[PDB]
Amino acid sequence: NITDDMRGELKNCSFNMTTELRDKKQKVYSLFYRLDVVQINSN
Amino acid sequence: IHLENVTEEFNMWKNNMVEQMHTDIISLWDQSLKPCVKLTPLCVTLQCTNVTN
Amino acid sequence: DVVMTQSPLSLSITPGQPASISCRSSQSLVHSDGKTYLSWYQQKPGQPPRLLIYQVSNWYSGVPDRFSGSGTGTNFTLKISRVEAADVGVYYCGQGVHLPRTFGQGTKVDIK
Amino acid sequence: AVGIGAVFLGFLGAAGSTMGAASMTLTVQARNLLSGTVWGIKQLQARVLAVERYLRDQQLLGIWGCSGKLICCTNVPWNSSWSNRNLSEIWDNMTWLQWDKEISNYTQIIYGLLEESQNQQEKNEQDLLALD
Amino acid sequence: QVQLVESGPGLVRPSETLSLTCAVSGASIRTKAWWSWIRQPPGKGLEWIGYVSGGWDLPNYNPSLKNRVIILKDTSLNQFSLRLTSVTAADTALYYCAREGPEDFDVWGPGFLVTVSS
Ligand SMILES: *[C@@H]1O[C@H](CO)[C@@H](O[C@@H]2O[C@H](CO)[C@@H](O[C@@H]3O[C@H](CO)[C@@H](O)[C@H](O)[C@@H]3O)[C@H](O)[C@H]2NC(C)=O)[C@H](O)[C@H]1NC(C)=O
Ligand SMILES: *[C@@H]1O[C@H](CO)[C@@H](O)[C@H](O)[C@H]1NC(C)=O
Ligand SMILES: *[C@@H]1O[C@H](CO)[C@@H](O)[C@H](O)[C@H]1NC(C)=O
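Residue numbers (the entry's author numbering), protein chains in the order written: chain C, 137 to 141, 150 to 185, 187 to 188; chain A, 84 to 136; chain L, 1 to 30, 30A to 30E, 31 to 107; chain 6, 512 to 547, 569 to 664; chain H, 1 to 31, 31A, 32 to 52, 52A, 53 to 82, 82A to 82C, 83 to 113.
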C-alpha cells in the first residue's frame, strides 16, 4: 500500500532465465532495490 | 645404502606421505584438466531411443 | 649480599598522625646512571604484598599521593603523612640494584 | 661387514655402531645436509628450508668456539648428574640415538653455557690484546 | 593487567624433588622482565629464590639455595617453573611467582604455602 509520494524502495522484477538445459528457459521473479535497476527505453 | 644393528618403529596407519601422495595425485588430476574442453553446451534436451538391435 | 634494615620494627599508627620507616641498605644502591633501584612493599596476610614506592621519587600506578619517600646514601625514608585503616600490613624495603635480590624485615602496624 | 677394518661406508652407515666408532665418520652426514608451475614453489620451499636449517646450524656453531672445526673441545665443564654413567662405557656401549634419548631433558642449558663461555673468552682476549 | 597463578603441591615429603609451575596471563612471557620465584618462611621475611628471563639471560639464583633450584621457562605455554631438589622440613614457605620489570615486582602470584612435612 504505497503512497504516491514515497516511492517503493523494492521493485519486483520478472524475467527470462536460462535453465541448466540450453533448450529450455524459465520465467522467474525476484526483488531488487531502486539503486540497482534503471529504466531502459506503455510498458 | 644398508643400515645394520638399528631398530626403528614403523607405523603404516598413522604414516605420513600417503596423505601427501593422495593430495599430489588429486592436485595433479585437477592440473591436467584446465587445458581441456569444458562441456557446458552439451547439457541439452536429448531425444534418445534404443540402439538398432 | 645486600642487608636491609627497617627502623622502627613496629609502630602502631595514630589515625590522623604520620608515620615513618627509615631503611638502611648495606651497600650503595645508586647505579651509575643516576637512579636508585629501591622498592617498598606492604605485607597483607596470605596475600601478595601491596607496593607503595619504587625508585624513591617514582610512583606505582595504583598508589595515592598521601605517601612520600626520600633518602640519602643508604639511609632511605618511607613516610605516610596521613595514615589510614588501609595501611594495615607489615612493610618491606627491598633493593634491586645488586644480585642477589634481597628484602627486609618489616614494621608492624596495627590500630592504636 | 664390507667396511670392516677400514671403518667407513655411505652416510647414516655408522648410525647403528657405537658413538666412538661413529665419531670418525662425520664429514658425510655434514655433507648430505645441503646439496641433496606450482611444484616449483614446493621445490623452492624445500631448498630454502634446507639452506635455512643449514645456516641456523652454522650460526649456532659460529657463536660457539668453532666456526667449522667439526670437533670442538671447549671450556664449559660437564655436570656428572646429566650423563651419570661410566665415561669410557658410552663410547663402546651406546648409539647416538640412545644417547640423544638420554640427554633429551638436559638440553638448551648447554647452549647458553657455550654462549657465556665464548663471550667470556672473547672479552678475556679483548683485554689481553688491549693491555699488550 | 598481568595475572600470575601458581600451581603444584603444598604438601611434600622432605628429601624429594619439589616443583611448582606458575601460569601467566594478561601479558607475554618474552618481555623486558624476569619471571621470578620468591619465597617466605611463615612468620618471617621474604627469601628471593631466583629468576628466569624471557630474553636469553642465563638464570641467576641466590647462592644460599645450594644449586638445587632450576627455574625453567615454557614460552609455548606462557609458564615458568620452580624446582627444588632434596627438600627439608625447614623449607616450609609461602611460594610466589612474580615479574621484575621497569618497576620492581608489580604483578605477583597469590603465593601458596608449601609445607614440607614427612
Ligand atoms: C520471457 O520469455 C517469454 C517468451 O519469449 C516472453 O514472452 C513474449 O514476449 C514478447 C514481447 O512482448 C511477446 O510478443 C508480443 O506479445 C503481445 C501479447 O501477445 C502482442 O500483442 C505483441 O504483438 C507481441 O507479439 C510474446 O507474445 C511473449 N510470448 C509469450 C508466450 O508470452 C516474455 O516477455 C519474457 N519475459 C517475461 C518477464 O516473462
Ligand atoms: C640517555 O641518552 C642520552 C643521549 O644519548 C644520554 O645523554 C643519557 O646519558 C642517557 N641516559 C641513560 C640513563 O642512559
Ligand atoms: C626427563 O624428564 C621427564 C619429566 O619431564 C622425566 O619423566 C624423565 O624420567 C626424564 N628422563 C630421564 C632419562 O630421567
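Note that the Cβ used here is the ideal one computed from N, Cα and C, for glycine as well.
| query | result |
| --- | --- |
| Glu95 (chain H) (DSSP reduced to helix, strand or coil) | strand |
| Nonlocal neighbours in the same chain, by C-beta distance under 8 Å from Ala88 (chain H), ignoring five residues either side | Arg38, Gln39, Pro40, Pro41, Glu46, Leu108, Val109 |
| Cβ-heavy atom distance, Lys168 (chain C) to ligand 1, below 7 Å | no |
| Under 7 Å, CB to nearest heavy atom of ligand 2: contacting residues | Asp30C (chain L), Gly30D (chain L) |
| Delimiting residues of the alpha helix (DSSP H) encompassing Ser528 (chain 6) | Unbroken run through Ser528 (chain 6): none, as it is neither H nor E. |
| CB contact check: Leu108 (chain H) to chain 6, cutoff 8 Å | no |
| From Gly53 (chain H), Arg66 (chain H), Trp36 (chain H), residue whose alpha carbon lies closest to that of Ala23 (chain H) | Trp36 (chain H) |
| Cβ of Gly644 (chain 6) within 8 Å of any chain H Cβ | yes |
| N-terminal and C-terminal residue of the alpha helix (DSSP H) that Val580 (chain 6) is part of | 571–594 |
| Check your reading: residues with Cβ closer than 6 Å to ligand 1 heavy atoms | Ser158 (chain C), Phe159 (chain C), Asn160 (chain C), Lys171 (chain C) |
| Proximity test, Cβ basis, 8 Å: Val89 (chain A) and chain 6 | yes |
| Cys126 (chain A): contacting residues in chain C (beta-carbon distance under 7 Å) | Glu164, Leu165, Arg166 |
| Inter-stretch contact at 8 Å, needing at least 3 Cβ pairs: the segment 514–522 of chain 6 / the segment 18–27 of chain L | no |
| The segment 55–80 of chain H: positions lying closer than 7 Å to chain 6 by Cβ | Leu56 |
| Euclidean distance between Cα positions of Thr123 (chain A) and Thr569 (chain 6) | 27 Å |
| beta-carbon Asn616 (chain 6) near ligand 3 non-hydrogen atom, thresh 7 Å | no |
| Classification of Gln3 (chain H) by the beta-carbon crowding that lies within 10 angstroms, buried from 16 upward | exposed |
| Residue span of the beta strand (DSSP E) that contains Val24 (chain H), given as start and end | 21–25 |
| Cβ neighbour criterion (16 or more within 10 Å) applied to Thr106 (chain A) | exposed |
| Proximal residues of chain H, C-beta to C-beta of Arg24 (chain L) below 7 Å | None at all; the shortest Cβ gap to chain H is about 15 Å. |
| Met4 (chain L) in three-state terms, based on DSSP | strand |
| Closest by C-alpha distance to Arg166 (chain C), when choosing among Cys126 (chain A), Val134 (chain A), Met104 (chain A) | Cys126 (chain A) |
| Short CB-CB distance (under 8 Å) between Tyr91 (chain H) and chain L | yes |
| For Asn99 (chain A) and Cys598 (chain 6), the rounded distance between their alpha carbons | 37 Å |
| Where the segment 577–610 of chain 6 meets chain H: residues whose CB sits under 7 Å from a CB there | none |
| Integer-rounded CB distance, given that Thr72 (chain L) should sit under 8 Å from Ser10 (chain L) | About 17 Å separates the two Cβ atoms, so there is no contact after all. |
| Ligand 3 heavy atom lying under 7 Å from the CB of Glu634 (chain 6) | yes |
| Per DSSP, cross-strand counterpart(s) of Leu108 (chain H) | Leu89 (chain H) |
| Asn651 (chain 6): CB within 7 Å of a non-hydrogen atom of ligand 3 | no |
| Nearest-angstrom beta carbon gap, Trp103 (chain H) and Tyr90 (chain H) [assumed within contact, 8 Å] | With 8 Å as the limit, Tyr90 (chain H) and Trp103 (chain H) do not qualify as a contact, their Cβ atoms being about 11 Å apart. |
| Any C-beta of chain H under 8 Å from that of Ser34 (chain L) | yes |
| Beta carbon of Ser15 (chain H) nearer than 8 Å to that of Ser82B (chain H) | yes |
| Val51 (chain H) - DSSP class collapsed to helix/strand/coil | strand |
| Distance cut-off 7 Å: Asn637 (chain 6) Cβ against heavy atoms of ligand 3 | yes |
| Reference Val89 (chain A), options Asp632 (chain 6), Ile603 (chain 6), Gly644 (chain 6), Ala526 (chain 6), closest by Cα | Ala526 (chain 6) |
| Helix, strand or coil at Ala662 (chain 6) [DSSP, three-state] | helix |
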